[PDB]
Amino acid sequence: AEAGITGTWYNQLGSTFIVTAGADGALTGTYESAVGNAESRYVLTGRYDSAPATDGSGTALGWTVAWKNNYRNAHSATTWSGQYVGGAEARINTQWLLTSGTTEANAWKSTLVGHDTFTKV
Amino acid sequence: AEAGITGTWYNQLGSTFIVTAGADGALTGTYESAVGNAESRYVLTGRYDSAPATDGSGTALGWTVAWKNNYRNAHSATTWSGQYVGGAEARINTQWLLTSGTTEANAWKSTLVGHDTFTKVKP
Amino acid sequence: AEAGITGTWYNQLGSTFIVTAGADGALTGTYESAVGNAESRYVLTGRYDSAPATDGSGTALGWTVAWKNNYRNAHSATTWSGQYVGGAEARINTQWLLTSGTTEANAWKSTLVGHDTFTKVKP
Amino acid sequence: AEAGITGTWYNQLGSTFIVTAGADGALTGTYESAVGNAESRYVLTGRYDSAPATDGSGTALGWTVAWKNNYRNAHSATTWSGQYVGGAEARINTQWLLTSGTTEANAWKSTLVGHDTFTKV
Ligand SMILES: O=C(O)CCCC[C@@H]1SC[C@@H]2NC(=O)N[C@@H]21
Ligand SMILES: O=C(O)CCCC[C@@H]1SC[C@@H]2NC(=O)N[C@@H]21
Ligand SMILES: O=C(O)CCCC[C@@H]1SC[C@@H]2NC(=O)N[C@@H]21
Ligand SMILES: O=C(O)CCCC[C@@H]1SC[C@@H]2NC(=O)N[C@@H]21
Ligand SMILES: [Cl-]
Ligand SMILES: [Cl-]
């Protein structure tokens, strides 16, 4: 179920995700990406489902980062959807969608999809 | 888009999205889905990139809804990633990922993908 | 759907899809994209699940196009996964993944996702 | 570039992918999944781009499997889109879409998305 979601997590690209999970299902924190048109920290907000089921399943959650801060504005946003699994080795396994603002003409290629796995290691 | 995004929006399935965009790039609201293991409203939170470009580009944004409220708990969460295009007929075009909590064995089938188009209602 | 799928189809972007469905569940044809780093026709191959169900369910199918022909090489490939719904107005609703070849460092940005709806033309 | 794509590959679920790559860009073979409403082998057909670029990049490719054979018909099809990287440890990194045939009513939940990594180990 929910619990040790709060913390500093890192993914395979070396990005850093620092989050706080509130008792009612809210997620707040900052994100720093190791790749892309990004630099320093960005604000993130999400939600996680605070009453996961009791057949050892993961806890579903998701969050968003709009890539604008006081250093850069990449006119895009990424949303990560996945589930947390705690235990000896806790992991957050996600799939994400990165949409950039385009003109109608380029709207067909506005969205990248990928997957990231986060650990506190 | 903060004034332009704020409002009531509906999508092709008949689901309702009520949102407020804050000066800081924040999006907060409630979502009511016309389909699925959902009932009543659910809280949503997201962000939108406040200073787009001039030009006729869309404003990127995204939000999340964990499908748990006082009436139902579906143990899943959906994230919508898309762009807002304003105008007389403003629209928000998105693609979404719906992940259900699963055992490690069934994790390969935990995520659904789709796309929704939202139309804003007057006011 | 083998007779129903066989034909010329166009999607919202103005791209052409000419296909033949074989008794064995095979799909073979050519694709012409209205957008992207593409020119002329490209070969496509796919499969479709020949014995659907009775009922008013769609026929699942999917196909791939590697964007290389005698005129252009974009070093990318797109796969479309969707369902065929026949009737007077038959449609093929799909979601696709377009992967470009990259270095390991840029692999995180190698795949685009989208959705296309195709309309069959008479004959 | 292209080359040792032909062979028997296995993914993290233990599924087996046996493919033959033709000199003009065709891929043919069989697929056996370790999970899902599937059993025994299924026919697969795909394409790979036979002239990848010369900045050590992967070779883009994709293939499809309709899940019907003489044992089962799951009324679905999966398409894998990704790139091959050869070398000491060759890998095929993909993202896939699994669409099941549904009624219009259930069309919103007809497609699963996931990612698989294949090795010859
Ligand atoms: O380039 C941009 O548009 C802004 C930075 C995007 C970074 C992406 S989001 C998904 C992937 N996971 C990460 O940790 N960073 C990249
Ligand atoms: O069934 C669930 O797990 C919760 C309800 C999911 C409803 C989905 S979210 C994406 C799509 N868009 C909608 O408006 N409703 C469905
Ligand atoms: O630019 C490329 O790499 C090759 C052309 C890609 C065209 C894409 S495939 C999905 C979408 N549907 C179309 O008909 N065209 C675009
Ligand atoms: O259950 C079905 O509809 C048929 C079997 C699906 C097996 C899937 S395809 C993606 C993932 N990768 C595998 O090797 N098998 C599963
Ligand atoms: Cl606010
Ligand atoms: Cl044939």
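Please report the net charge: other residues with Cβ closer than 10 Å to the Cβ of B:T8, K and R +1, D and E -1. Please list the in-between numbers first.
Working: positive: B:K120, B:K122; negative: none.
Within the 10 Å Cβ shell, the charges total +2.
Can you give the average number of partner chain beta-carbon atoms within 10 Å of each beta-carbon in peptide A:63-72, as a whole number? Could the numbers behind the result be given before it?
Working: counts 8, 12, 3, 13, 3, 8, 1, 0, 0, 0.
Partner-chain Cβ atoms within 10 Å, mean over residues of A:63-72: 5.
Using 0.36 nm per residue, how much length does the chain from B:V35 to B:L13 gain when fully extended, once their Cα-Cα distance is taken away? Working shown, then result.
Working: separation 22, 0.36 × 22 = 7.92 nm, distance 0.75 nm.
Full extension from B:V35 to B:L13 adds 7.2 nm.
Using just the helices of chain C, give the 222 nm mean residue ellipticity in deg cm²/dmol: DSSP H runs with n ≥ 4 each add -39,500 (n - 2.57), and the total is spread over all residues, rounded to 500. Walk me through the numbers on the way to the answer.
Details: 1 runs with 4 residues, N = 123.
Rounded to the nearest 500, it is -500 deg cm²/dmol.
Report the relative contact order of chain B, percent, no decimals, based on alpha-carbon pairs under 8 angstrom and at least 6 residues apart. Spell out each step's value before the answer.
Numbers: 283 pairs, mean separation 25.0, N = 123.
Computed over chain B, the figure is 20 percent.
Residue by residue through B:52-61, how many Cβ atoms from other chains fall within 10 Å of the Cβ on average? Could you put the intermediate results ahead of the total?
Numbers: counts 4, 5, 0, 2, 4, 9, 10, 4, 15, 7.
The shielding value for this peptide is 6.
Which number comes out as Rg/Rh for chain B once both Rg and the Kirkwood Rh are worked out on C-alpha atoms?
Numbers: Rg = 14.9 Å, Rh = 15.0 Å.
Rounded to two decimals, Rg over Rh is 0.99.
Using a Förster distance of 35 angstrom, determine the FRET efficiency expected from the C-beta separation of B:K122 and C:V121, and round it to 0.05.
My answer for the efficiency is 0.40.
Rank by packing, highest mean first: peptides D:94-102, C:76-84, C:11-19, with packing defined as the count of other Cβ atoms within 10 Å averaged across residues. Intermediate values should be presented prior to the final figure.
Values: D:94-102: 24.2, C:76-84: 28.4, C:11-19: 16.8.
Going by the mean number of other Cβ atoms within 10 Å, highest first, we get C:76-84, D:94-102, C:11-19.
Just to confirm a number: summing +1 for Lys and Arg and -1 for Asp and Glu over residues other than C:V35 whose beta-carbon lies under 14 angstrom from that of C:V35, what do you get?
On the way: positive: A:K109, C:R72; negative: A:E104, C:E32, C:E39, C:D116.
Here the count lands on -2.
Tell me the net charge near B:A51. Cut-off is 14 Å between Cβ atoms, B:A51 excluded, with +1 for each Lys or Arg and -1 for each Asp or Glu.
Values: positive: A:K68, A:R72, B:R47; negative: B:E2, B:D24, B:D49, B:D55.
After counting each charged neighbour, the total is -1.
For peptide C:84-97, how many partner chain Cβ atoms fall within 10 Å of a residue's Cβ, on average?
Values: counts 1, 5, 0, 0, 0, 0, 0, 0, 0, 5, 4, 10, 5, 12.
For peptide C:84-97, the averaged partner shielding equals 3.
How many angstrom separate the Cα center of segment D:20-50 from the Cα center of segment B:58-94?
36 Å
Positions of Cβ are backbone-derived with ideal geometry, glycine not excepted, and every protein chain shown enters the neighbour counts. Taken together, the values in this text are just the output of simple stated rules run on the coordinates, not laboratory data.
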